[PDB]
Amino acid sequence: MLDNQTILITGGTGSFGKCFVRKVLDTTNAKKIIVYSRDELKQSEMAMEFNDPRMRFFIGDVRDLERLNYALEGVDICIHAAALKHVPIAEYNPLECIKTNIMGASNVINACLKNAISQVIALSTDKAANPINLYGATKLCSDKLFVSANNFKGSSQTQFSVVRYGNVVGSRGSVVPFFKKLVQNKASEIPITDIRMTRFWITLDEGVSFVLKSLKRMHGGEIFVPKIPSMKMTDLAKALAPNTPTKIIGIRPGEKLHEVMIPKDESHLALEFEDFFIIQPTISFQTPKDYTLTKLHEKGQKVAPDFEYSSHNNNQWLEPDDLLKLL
């Protein structure tokens, strides 16, 4: 697997960013881990915490093609986690979200090919499946680009895969942590936008690991989807602090009732496995790939024609307590 390799991750100062740097640091022999991002304050703060010579911090934007080409020189593997993810903000700053996510993905793809990187994994989201909001629309474009990149074939081959998973239990500005800062500062209530608000749930750590495993499976072109549990927002408001009331607030700008992981119209392209899924590409590559046998010799089978992985039509569900056991 990974050994004496160089890894560059865009937006490595983010949640997935550090939780991933940490895990690669501790569980692998990655010769050098490179964080590529824009803020000097987070990288100054992040260099002092990860006080290890295995690191290296490059200040740069993904909207910058030259910089990326410079930053990716000599890199072996690349994880793309840079992005504007705040759905409401994206609705008010649509070009900003487009520049960062779409153009950003394109430049990363380019710089990777030029530097002959070996493997690239971009981070998607369930919001990119049958999307309604801008953020998701841009992300779907990003996935489309990354999958399509597997067609280029220069004097250097590069595999481009995508990992798509749900809401990361408690993250920089989320819900579960929000539903505590309140009760702490005397929360007058517990706002619940709706009773049907379902959502796939995964942890920072579960995510970081499904990624490092995809690298071990991937042929390039796949869109790996993990089989994660769903949790009714009704049974979550409880845990967090049933005590206080729950003033319904309606619906934020761009929210869905439930999130989709694998569209119904994607069924055919799906292949079930044990812990995960794979949404085979839609286009054909000059060099065909057999997405039925991972590079880990794991065998996967198709799915029923009327297949779809909704957040609610799911069968797994996080007990109204389990999320406290995780807190």
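We number the residues from 1 along the sequence you see. Take the two forms, superpose them, and find the largest set of C-alpha atoms that agree within 1.5 Å; that set is the rigid core.
Averaged as a root mean square over residues and superposed structures in 4 other deposited structures of this protein, CA distances to the shown form are larger in 175-183; the pair compared was 210-218 and 175-183 with a core fit. Remark: when the other structures in 4 other deposited structures of this protein are fitted onto this one via the rigid core, 245-253 deviates more than the alternative among 245-253 and 81-89, judged by RMS CA distance. The stretch 234-242 shows the higher mean C-alpha B-factor when 105-113 is compared against 234-242 in the entry.
As the entry records it, the average C-alpha temperature factor is higher for 255-263, out of 41-49 and 255-263.
Out of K153, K144, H219, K127, the entry records its largest CA B-factor for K153. Taking the deposited Cα B-factors for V225, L204, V175, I121, the highest one is held by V175. In this PDB entry, the Cα temperature factor of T138 sits in the bottom third of its chain's modelled residues, the lowest group. In the PDB entry, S15 places in the middle third of its chain by CA B-factor. Ranked against the other modelled residues of its chain, the C-alpha B-factor of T27 as given in the entry falls in the middle third. Ranked by Cα temperature factor within the chain, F273 sits in the middle third according to the deposited record. When the modelled residues of the chain are ordered by C-alpha B-factor, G300 sits in the middle third.
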